[PDB]
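Have a look below at one chain only, the form deposited in one PDB entry, in structure tokens format.
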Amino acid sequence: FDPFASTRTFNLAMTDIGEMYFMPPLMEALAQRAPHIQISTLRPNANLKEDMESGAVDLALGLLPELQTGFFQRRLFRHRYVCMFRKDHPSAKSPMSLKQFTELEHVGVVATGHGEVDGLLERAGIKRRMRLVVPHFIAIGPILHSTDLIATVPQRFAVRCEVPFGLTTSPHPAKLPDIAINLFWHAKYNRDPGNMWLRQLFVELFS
């Protein structure tokens, strides 16, 4: 298998967060390393497991607990939930006190586990004033920029939003779980030249 020569198409399951986290650097990497490969990505919900066997999908990335049968996996990284708001929010502060967190208004994302973030808050007596609720993360960044709403966001998602949308963060005041993002491949392809190649490239660019 020669990367610089290959015209193969690799297919990857990953979340939306995982999409705008992973792809940008990856594409930049590939531009110089494998200039003729093609990449396609899809969501873990449109389905998988079978597809990984069939060779329809090559790798998958996320907090996929479902996968644990004929599935090798390597941890890339963990990261924490953070609290994100516009740089000049009228009254938000870092580190945010849990007391203040209760008090402000939030946008919540329904969405990988995650999470069940909102479960832990509610059980700890903390009832957020939930002004908006969205299914996934695309609009989050703009929304914070144009309003005084705060959000509970995964750390590496925050990172890629701070500049474009002019927002900052705070360590999260509540006790929430760490986020363990993993790389998964089907055993049947453990010894596939090209697949191992992609695997290592990920491990390389992320860790």
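Take the two forms, superpose them, and find the largest set of C-alpha atoms that agree within 1.5 Å; that set is the rigid core. The first residue of the shown sequence is 1; numbering continues from there.
Here the subject shifts to the form deposited in another entry, a form of this protein not shown in this document.
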* Is the C-alpha displacement of residue 146 equal to or greater than 2 Å between this form and the one not shown once the rigid core has been superposed? -> no
* For residue 40, state whether the C-alpha moves by 2 Å or more between this form and the one not shown after rigid core superposition. => no
* C-alpha of residue 70 moved at least 2 Å between this form and the one not shown on rigid core -> yes
